[PDB]
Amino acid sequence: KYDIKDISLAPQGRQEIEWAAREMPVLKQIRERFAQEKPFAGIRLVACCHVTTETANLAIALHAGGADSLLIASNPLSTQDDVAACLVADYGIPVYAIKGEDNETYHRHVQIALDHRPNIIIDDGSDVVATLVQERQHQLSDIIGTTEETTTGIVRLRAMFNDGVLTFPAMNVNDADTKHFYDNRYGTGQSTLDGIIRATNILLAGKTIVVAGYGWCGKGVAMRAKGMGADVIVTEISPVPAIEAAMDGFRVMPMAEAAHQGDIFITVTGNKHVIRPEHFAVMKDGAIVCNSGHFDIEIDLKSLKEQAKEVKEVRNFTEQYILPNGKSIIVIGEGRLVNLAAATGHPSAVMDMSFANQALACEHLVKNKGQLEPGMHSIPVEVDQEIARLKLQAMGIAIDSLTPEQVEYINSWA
């Protein structure tokens, strides 16, 4: 079966999926090869991903390869209901995903997905893999391998590995060059601001925007906020990215100092409770807070709800918390990934490369079944580099190649 909002949205979803595919030519080439070679014949697969037009294009590629897939939502607010209807109605792919589903429904979907007995699990944040290892030790025989889309999931998998429970291969998709160099940086940079503007309509120019974290995502968000005229503050816990932020022209300071100054706060750390009650207490009246790291827990919304004497929905995706002293704190997207909650996530141009990595990582797991050591595996260099070559070609860009004399010069030392 399936569990979706409205099957009648399938014609609209089909339209949106085809529009998204215009900038996914690398994944389109992979799909056409998969249709011929059927690498996933007889394989059962579970994908826990954001249910978007880009994920649909990945799901259709795995379907073309013969995979018996089941899809569930990575996050209650990121699901595109028209996409879910199209995958069920047009491709017969079971989808368990409703935009705005409660937590009980989400956990039921994880159980149904584990009952599919997947051989391959594509995960985004590692929730299904963690639940497999904790609750379904008796199913581990099914597992050929798993993949992990995002930085937060990679951290979880390392914790699993160090705990001695990562007893199967897991492909580190996030850390492929063609994933986090583009998706995490340029994709998040544009789509995070997109979500903020779609939720609030606010002018970014002249605002002070605080970016917590200066890794791949933070560099992108700060870069684009600056491009839109914002005064950017960066917070960090490590000195190397902190120095980078300073030399990129941004003001670096502890969050306690930034909390007095920000008009908009954006967390992209992958860590818990980066913005806390002692920070809410000193924020400007009407300060906006939002999260672009995989889990909402980066903002301590639980404490904010306790502190506040009133909460009201002021707009789509926008809630106003009123503190007992009468000052307000505006939260976008209930603290969930603001690019996917309030807009449509990354453009398909960067998801082409992220999901090419997903598709070829799944092919890698099956082709090498019985030959991969348990634990985390990076994407093979040849795969990573071929995705880049294909994407640069599809963007219409030509570059140079080394001559035999230049190759001789590199290998020379005298």
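Residue numbers here begin at 1 and follow the sequence given.
The question of which stretch, 139 to 147 or 337 to 345, has the higher mean Cα B factor is settled in favour of 139 to 147. Annotation for 37 to 45 versus 52 to 60: the higher mean temperature factor (C-alpha) is found in 37 to 45. When the C-alpha B-factors of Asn291, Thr235, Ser303, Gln80 are ranked from the entry, the top spot goes to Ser303. Going by the entry's values, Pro94 shows the largest Cα B-factor out of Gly229, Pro94, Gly187, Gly213. Among the modelled residues of the chain, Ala20 sits in the middle third by CA temperature factor in this PDB entry. Ranked within its chain, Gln261 lands in the highest third, by CA B factor from the PDB record. Per-chain ranking of the deposited C-alpha B factor places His180 in the lowest third. In this PDB entry, the Cα temperature factor of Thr192 sits in the bottom third of its chain's modelled residues, the lowest group. Placement of the Cα temperature factor of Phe168 within the chain: highest third of the modelled residues, per the deposited record.
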